[PDB]
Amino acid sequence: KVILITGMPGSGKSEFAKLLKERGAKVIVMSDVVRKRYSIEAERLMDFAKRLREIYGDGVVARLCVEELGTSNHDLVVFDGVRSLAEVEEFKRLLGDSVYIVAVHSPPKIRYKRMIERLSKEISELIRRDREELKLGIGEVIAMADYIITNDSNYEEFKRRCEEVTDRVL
């Protein structure tokens, strides 16, 4: 049983990842995986990830994350940060038929405000960055999701929504 978590920047998707860590799931952050490769073979992080997808194909990060998983039994595996259907397709080829996409949604202005409130923050730059993420294919993953969780109110409503999706998946 595998959960692929996707969401736009500032959606709070890692909060869903955190809730799954607490329930005993193996959680693998896809960017942590690319970063391990980066320290070895880097050059900004986005630049190195681009080179990987050109050399090895669009599903590369999924292959890398499966390597990181290794050969072990887990009740629940979670991959936090899926960006394309090419990745989803590699997770399915490698891990089988019990793979689910969960998107965490927040409208653009809410996400922008969360990011601007962090401890560039120009609105034009946050807009350009959504657009780069969309060009990688994240909108296609969201549109084809098994579950979409809205994070547009408080933490406690979000946590309840996360819990009920988890129950449906399990």
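The first residue of the sequence shown is number 1, and the count goes up from there.
The modelled chain breaks after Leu119 and resumes at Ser120, leaving 4 to 9 residues of the deposited sequence without coordinates. Counting the deposited residues that fall between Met144 and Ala145 and carry no coordinates gives zero. Mean CA temperature factor is higher for 158-166 when stretches 158-166 and 144-152 are set side by side in the entry. As recorded in the PDB entry, 32-40 is the stretch of 32-40 and 99-107 with the greater mean C-alpha temperature factor. If you compare the C-alpha temperature factors of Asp58, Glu67, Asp47, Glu133 in the entry, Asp47 comes out highest. For the set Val27, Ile138, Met115, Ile123, the PDB entry puts the maximum C-alpha B factor at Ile123. Per-chain ranking of the deposited C-alpha B factor places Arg63 in the lowest third. Residue-level temperature factors show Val88 in the lowest third of its chain, judged at the C-alpha atom. Ranked by C-alpha B-factor against the other modelled residues of its chain, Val82 falls in the lowest third.
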